[PDB]
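J.:
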RNA sequence: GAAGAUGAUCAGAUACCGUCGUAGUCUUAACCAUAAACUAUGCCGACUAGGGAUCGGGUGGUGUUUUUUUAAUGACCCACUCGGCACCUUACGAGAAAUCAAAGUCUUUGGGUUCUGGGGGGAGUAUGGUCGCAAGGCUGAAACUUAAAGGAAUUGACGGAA
RNA sequence: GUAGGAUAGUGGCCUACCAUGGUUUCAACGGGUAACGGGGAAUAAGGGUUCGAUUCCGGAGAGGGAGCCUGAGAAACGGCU
Ligand SMILES: [Mg+2]
Ligand SMILES: [Mg+2]
Ligand SMILES: [Mg+2]
Ligand SMILES: [Mg+2]
Ligand SMILES: [Mg+2]
Ligand SMILES: [Mg+2]
Ligand SMILES: [Mg+2]
Ligand SMILES: [Mg+2]
Ligand SMILES: [Mg+2]
Ligand SMILES: [Mg+2]
Ligand SMILES: [Mg+2]
Ligand SMILES: [Mg+2]
Ligand SMILES: [Mg+2]
Ligand SMILES: [Mg+2]
Ligand SMILES: [Mg+2]
Ligand SMILES: [Mg+2]
Ligand SMILES: [Mg+2]
Ligand SMILES: [Mg+2]
Ligand SMILES: [Mg+2]
Ligand SMILES: [Mg+2]
Ligand SMILES: [Mg+2]
Ligand SMILES: [Mg+2]
Ligand SMILES: [Mg+2]
Ligand SMILES: [Mg+2]
Ligand SMILES: [Mg+2]
Ligand SMILES: [Mg+2]
Ligand SMILES: [Mg+2]
Ligand SMILES: [Mg+2]
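Residue numbers (our numbering), protein chains in the order written: chain X, 23 to 172; chain C, 209 to 299; chain U, 6 to 160; chain P, 3 to 83; chain H, 900 to 1043; chain V, 17 to 145; chain Z, 176 to 200.
1. Under 7 Å Cβ-Cβ, which residues of chain H neighbour residue 88(U)?
2. If contact is defined by three or more beta carbon pairs under 8 Å, each pair taking one atom from either stretch, is the stretch 77 to 96 of chain U in contact with the stretch 106 to 124 of chain U?
3. According to the Cβ coordinates, are residue 996(H) and residue 953(H) closer than 8 Å?
4. If you measure from the beta carbon of residue 71(V) to each beta carbon in chain X, is any gap under 8 Å?
5. What's the call for residue 922(H), buried or exposed, on a 16-neighbour Cβ count within 10 Å?
6. My output table needs one value for residue 93(X): the three-state DSSP class, helix, strand or coil.
7. Which residue wins for smallest C-alpha separation from residue 925(H), given the options 900(H), 946(H) and 1009(H)?
8. In chain order, what residues of the same chain lie with their CB nearer than 8 Å to the CB of residue 1021(H), ignoring the 5 residues before and after it?
9. How is the alpha helix (DSSP H) around residue 138(X) delimited, first residue to last?
10. Can you tell me whether DSSP reads residue 244(C) as helix, strand or coil?
11. So what's residue 110(U) in DSSP terms, helix, strand or just coil?
12. Does any CB atom of chain V fall closer than 8 Å to the CB of residue 5(P)?
13. So the beta strand (DSSP E) residue 988(H) belongs to, where does it begin and stop?
14. Can you have a look at residue 180(C) and say buried or exposed, based on whether 16 or more other CB atoms are within 10 angstroms of its CB?
15. Establish whether the CB of residue 905(H) and some CB of chain V are separated by less than 8 Å.
16. Roughly how many whole angstroms lie between the Cα atoms of residue 171(X) and residue 105(X)?
17. So, under 8 Å CB-CB, residue 143(U) and residue 119(U) are touching, yes? Tell me the CB distance rounded to an integer number of Å.
18. Can you tell me where the alpha helix (DSSP H) with residue 995(H) in it begins and where it stops?
19. Between residue 966(H) and residue 958(H), which are expected to be in contact by the criterion C-beta below 8 Å, what is the C-beta distance as a whole number of angstroms?
20. If you count every other CB in all the chains shown that lies within 10 Å of the CB of residue 249(C), and 16 or more means buried, which is it?
21. Roughly how many angstroms separate the alpha carbons of residue 101(X) and residue 56(X), rounded to a whole number?
22. Determine the direct distance from the alpha carbon of residue 66(P) to that of residue 69(X), and round the result to whole angstroms.
23. Since residue 104(V) is in the alpha helix (DSSP H), which residue starts that stretch and which ends it?
24. What residues of chain X sit near residue 160(U), judged by a beta carbon separation below 7 Å?
25. For the candidate residues 57(U), 26(U), 31(U) and 29(U), whose alpha-carbon lies nearest to that of residue 39(U)?
26. Is the separation between the beta-carbon of residue 102(V) and that of residue 79(V) shorter than 8 Å?
27. State buried or exposed for residue 8(U), treating a residue as buried only when at least 16 other CB atoms are found within 10 Å of its CB.
28. Am I right that residue 45(V) and residue 67(V) are in contact with their C-beta atoms under 8 Å? What's the rounded C-beta distance?
29. Could you pull the DSSP bridge partners for residue 18(P) from this structure?
30. Suppose you measure from the CA of residue 936(H) to the CA of residue 92(V); what does that come to, to the nearest Å?
31. Report the rounded CA-to-CA distance for residue 382(C) versus residue 234(C), giving the unit in angstroms.
32. Taking the alpha carbon of residue 97(V) as the point to measure from, which residue in 19(V), 28(V), 137(V) and 37(V) has its own alpha carbon closest?
33. To the nearest angstrom, how far is it from the Cα of residue 10(U) to the Cα of residue 32(U)?
34. Could you have a look at residue 909(H) and say whether DSSP puts it in helix, strand or coil?
35. From the DSSP output, which residues share a beta bridge with residue 126(V)?
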């Protein structure tokens, strides 16, 4: 529970029992897929595509309504990013904290949280390199990371 | 490689002068020989030019400063205080 | 291995007692001696058709594979025609009814019929002493995919 | 209570329990057919909808995100599912 | 999980942990440091002959009140000086100054016994004619 | 973290049987749990148990009747040769006339008695008595 | 004897011991 | 306000008390790396018992307050729920007991893992290494000595305790 | 690694020329051993703990080192230098 904290919170989605769903859905799977691809052409993270499909449209689960996950649809349509989504959103946080620290050198807990974020980055990047999503000897060097995530 | 463990720039002084004195001069010979960033052109090209003079090699602009740093803490406090008093006077 | 400077040494590299007659031009160019190492170890077509010599090769050389047939993960290809393999195992301490991870580093001669790198599972076979530490030849390489085809960059 | 039916708990108990701590975990959220006073079209809005949802034809905000359920705003009408 | 590791491949941690905590015993520490040979005047042995230097009378510890009638014995095999209790009624009349006694330990593997302070050995024989046998009446002590 | 769902299941069964409940609920319901419970039910230590299929890992409601003293897990699953099953039974079981040491054997998950009748042995799971 | 002050006594004994050891060495 | 100065008292000459007062207390740059750093209670996970109160978030009342002819949002009430700091009753259980919803699920002994202890002293000493400008910090014995040291509770006695 | 020499023969065993490797927290390397290794022995709930110079097997040695002769076999010591 909370690998870098002491929180024990259970705050998750509880997806339904129905793996084929939800019988008021009158849009087609290919229309959902081209809406997904349109959102990725706009430049959206798969989490942001899924939240927009869920709230604006009736797409409860894209895995249920299509046959495929959102990142898998984007990979099949050639829209996978160079580093994965959660790793990119971790490196973005790490470079923001480091940019803060270069001004506020006295910020000892920002130093501590930066160590936590890099430890989390290295564990995630190690997983991605063993599952071969990232290239081997991909390294977060924390000096080129600002240009790695712009 | 790492040529010296801890003397650094004061390895030129040899064994002389005392270790505390060589430490005290090391912490200021690093400071007076460091390249500082220019407040006018952004490049790290400010060098010291006979203490109190700090000249940028790009854009050739010279600022008065401390004897071994460009901005002493007393001067930065003075700058903040005069900014505060000017903002209080002209408003 | 039909290239990269076979005659790179001060001596003429040839298989001993294999004679290329210059008076009668042979129907097959540069007669080569090979053998099957035995034990179901297929002689590779690079060993059959190559131009290398390697007197310690188990297929074209003068060594014979006999004895133990081990298997190990390559940890070092940093020698010339010799690799170091890791033979990891588990040792049982009978007091605690438990095991401990152990490993042994076995230096193995590799023929230039085989292209090996760090990570490959190789099958090695005992021969006569090749060098001070080497008593094994690589007879089989058991890494074809190795999960090394999807790591490359995309558009 | 030392003896109870754990395969068929009462619906009043299962509607009290947390969405993960029921017999089979499912969501308590839902979807809404929402129409504006102005436009005739229907938009399917999540209950806990996280987003200022608009129509495709409208310029009007249908729901405003909050900590839990989205607040359906400005006199629009809704129906469940 | 009750402290220790339990897994099947965790035998090295258990073995080295027992090896590390094994040193807190008295006997294992003593036996693996080899303190019986480095120290402890009889160099790992049971008995040792020495030469009496002087008869001592040790004050017994409180609350006992007696003179304990020991001897100061210089061991032949080491040259170490020890104090040895002459362990019966009389029997200090039987030893001498400057003769050869056999000493044994005194019951407690070191650890000076009873009310005798700092005496951890005892005289078994004097001149090779066995103080118990001299004490009963059984043998006569040789004159040389 | 959760390292042994069989240990969690059997702990829940023991804790409800100690307090006298006639049923448990067990999450997250492995095949080893189902086979262990089938051996226990075959020997009469539990009643009917029912597998709730949520689409994630399953739950089980076991009907404990009254006849269980201690079901437990021997973790780690020690390798058990056929000669030292009887050390394990002499250590874990209250008597030679009842109680079963459950083995994972390549002929299936089974108790020690019909591990002996099939002349097979293997890893140890736990016990029931 | 308070353990704090016996500790301070032994700490002063440390200083005297290393002073005489540096004196000889 | 350490040190230090000074005033009183005291048998010895209570160091407590009064008045000053350096370092210090504060801050910047660099060190140190320890506290009864305590919850004297490692971290993750599961289960076992009732209760109310509270903090944060969420959900539901055709609830109260804004009574304005079917009165937004906040605040409040009630019931749930998740997460938290804790608390009260009991002892299923545990414990040598004090006590503990964990210190329970332990001779019916095995969920995962790290660290530590092996009678009291000698001794956190000697020495070696390493870190520090130093103070010291981390690591850390042995010879020797000793029959108890200690923990919890009971009865008594005693208190410049009520 | 290549080639030679040497050997009864493999082999950095040695030589010549190249390459820069090889072992290590799964404890290398070093230090101690009042350590020859094993079959075995003592104690025996089970697990263990401790001993094994010693009647059998293997090694090593003949006061310490070194070198060799003869011979199938020795770096032999009731052989030599
Ligand atoms: Mg959790
Ligand atoms: Mg962690
Ligand atoms: Mg060679
Ligand atoms: Mg401490
Ligand atoms: Mg503590
Ligand atoms: Mg931790
Ligand atoms: Mg709560
Ligand atoms: Mg002790
Ligand atoms: Mg210490
Ligand atoms: Mg020291
Ligand atoms: Mg205490
Ligand atoms: Mg007490
Ligand atoms: Mg040759
Ligand atoms: Mg050769
Ligand atoms: Mg050479
Ligand atoms: Mg020896
Ligand atoms: Mg016993
Ligand atoms: Mg032996
Ligand atoms: Mg022997
Ligand atoms: Mg001997
Ligand atoms: Mg022999
Ligand atoms: Mg010999
Ligand atoms: Mg002799
Ligand atoms: Mg000799
Ligand atoms: Mg002969
Ligand atoms: Mg000889
Ligand atoms: Mg002789
Ligand atoms: Mg002989």
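Ideal placement from N, C-alpha and C gives every residue a C-beta, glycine not left out.
T.: According to the structure shown:
1. As a first step, residue 88(U) must be located in the third chain, where it is residue number 83. None at all; the shortest Cβ gap to chain H is about 27 Å.
2. Contact holds: three or more Cβ-Cβ distances are below 8 Å.
3. On the fifth chain, position 97 is the one that residue 996(H) refers to. On the fifth chain, position 54 is the one that residue 953(H) refers to. Taking 8 Å as the Cβ cut-off, residue 996(H) and residue 953(H) qualify as a contacting pair.
4. On the sixth chain, position 55 is the one that residue 71(V) refers to. Output row for residue 71(V): interface = yes.
5. In the fifth chain, residue 922(H) corresponds to position 23, counting from 1. It is exposed - the Cβ of residue 922(H) has fewer than 16 other Cβ atoms within 10 Å.
6. Position 71 of the first chain, counted from the first residue, corresponds to residue 93(X). Three-state result, residue 93(X): helix.
7. Here residue 925(H) is taken as the residue at index 26 of the fifth chain, counted from 1. For residue 925(H), the nearest C-alpha among the options comes from 1009(H).
8. By one-based count along the fifth chain, residue 1021(H) stands at place 122. Shown here for residue 1021(H): same chain residues with a beta carbon closer than 8 Å to its own, the five before and five after excluded, namely 983, 984, 985, 986, 1002, 1003, 1004 and 1005 in chain order.
9. Working through the first chain from its first residue, we reach residue 138(X) at position 116. Note, residue 138(X): alpha helix (DSSP H), 130 to 152.
10. Numbered from 1 along the second chain, position 36 holds the residue referred to as residue 244(C). Correct three-state label for residue 244(C): strand.
11. For the purposes of this step, residue 110(U) is taken as the residue at position 105 of the third chain. Strand at residue 110(U).
12. One-based indexing of the fourth chain puts residue 5(P) at position 3. It does; some Cβ of chain V falls within 8 Å.
13. Numbered from 1 along the fifth chain, position 89 holds the residue referred to as residue 988(H). Counting along the chain, residue 988(H) falls outside any beta strand (DSSP E), and DSSP gives it neither H nor E.
14. Nothing in the structure corresponds to residue 180(C), since chain C is present only between 209 and 299.
15. Here residue 905(H) refers to the residue found at position 6 of the fifth chain. Chain V contact via Cβ: present.
16. Residue numbering aside, residue 171(X) sits at position 149 when the first chain is read from its first letter. Residue numbering aside, residue 105(X) sits at position 83 when the first chain is read from its first letter. Rounded to the nearest angstrom, the two C-alpha atoms are 9 Å apart.
17. The count along the third chain starts at 1 and reaches residue 143(U) at position 138. The count along the third chain starts at 1 and reaches residue 119(U) at position 114. Right, the Cβ-Cβ distance comes to about 5 Å (below 8 Å), so this counts as a contact.
18. Taking the first residue of the fifth chain as 1, we reach residue 995(H) at position 96. Note, residue 995(H): premise wrong, no alpha helix (DSSP H); not H, not E.
19. For the purposes of this step, residue 966(H) is identified with residue 67 of the fifth chain, where counting begins at 1. For the purposes of this step, residue 958(H) is identified with residue 59 of the fifth chain, where counting begins at 1. Approximately 7 Å separates the beta-carbon atoms of residue 966(H) and residue 958(H); this is inside 8 Å, confirming the contact.
20. Residue numbering aside, residue 249(C) sits at position 41 when the second chain is read from its first letter. That one is exposed.
21. Residue 101(X) sits at position 79 when you count from the first residue of the first chain. Residue 56(X) sits at position 34 when you count from the first residue of the first chain. Taking the Cα positions, residue 101(X) is about 13 Å away from residue 56(X).
22. One-based indexing of the first chain puts residue 69(X) at position 47. One-based indexing of the fourth chain puts residue 66(P) at position 64. Each residue's alpha carbon lies about 19 Å from the other.
23. Counted from its first residue, the sixth chain places residue 104(V) at position 88. Note, residue 104(V): alpha helix (DSSP H), 101 to 108.
24. Numbered from its first residue, the third chain carries residue 160(U) at position 155. Those within 7 Å of residue 160(U) in chain X are 100.
25. Taking the first residue of the third chain as position 1, residue 39(U) is located at position 34. Closest by C-alpha distance to residue 39(U), out of 57(U), 26(U), 31(U) and 29(U), is 57(U).
26. As a first step, residue 102(V) is located in the sixth chain; it is residue number 86 there, counting from the start. As a first step, residue 79(V) is located in the sixth chain; it is residue number 63 there, counting from the start. No; because the gap between Cβ atoms is not below 8 Å, this pair is not in contact.
27. Here residue 8(U) is taken as the residue at index 3 of the third chain, counted from 1. Of the other Cβ atoms in all chains shown, fewer than 16 fall within 10 Å of the Cβ of residue 8(U); this residue is therefore exposed.
28. Translated into the one-based positions of the sixth chain, residue 45(V) becomes position 29. Translated into the one-based positions of the sixth chain, residue 67(V) becomes position 51. That belief holds up - the Cβ atoms of residue 45(V) and residue 67(V) are roughly 6 Å apart, short of 8 Å.
29. In the fourth chain, counting from the first residue as 1, residue 18(P) sits at position 16. In the DSSP output, where bridge partners are listed per residue, residue 18(P) has none listed.
30. The residue given as residue 936(H) occupies position 37 in the fifth chain. The residue given as residue 92(V) occupies position 76 in the sixth chain. Each residue's Cα considered, the two are about 44 Å apart.
31. Chain C is shown only over 209 to 299; residue 382(C) falls outside these bounds and no answer can be derived.
32. Here residue 97(V) corresponds to residue number 81 of the sixth chain, with the count starting at 1. It is 137(V) whose Cα lies nearest to the Cα of residue 97(V).
33. Taking the third chain and counting its residues from 1, one reaches residue 10(U) at position 5. Taking the third chain and counting its residues from 1, one reaches residue 32(U) at position 27. Their backbone Cα atoms lie some 24 Å apart in a straight line.
34. Numbered from 1 along the fifth chain, position 10 holds the residue referred to as residue 909(H). Looking at residue 909(H) - three-state DSSP - the assignment turns out to be coil, as it is neither helix nor strand.
35. Here residue 126(V) refers to the residue found at position 110 when the sixth chain is read from its first residue. According to DSSP, residue 126(V) bridges with 119(V).
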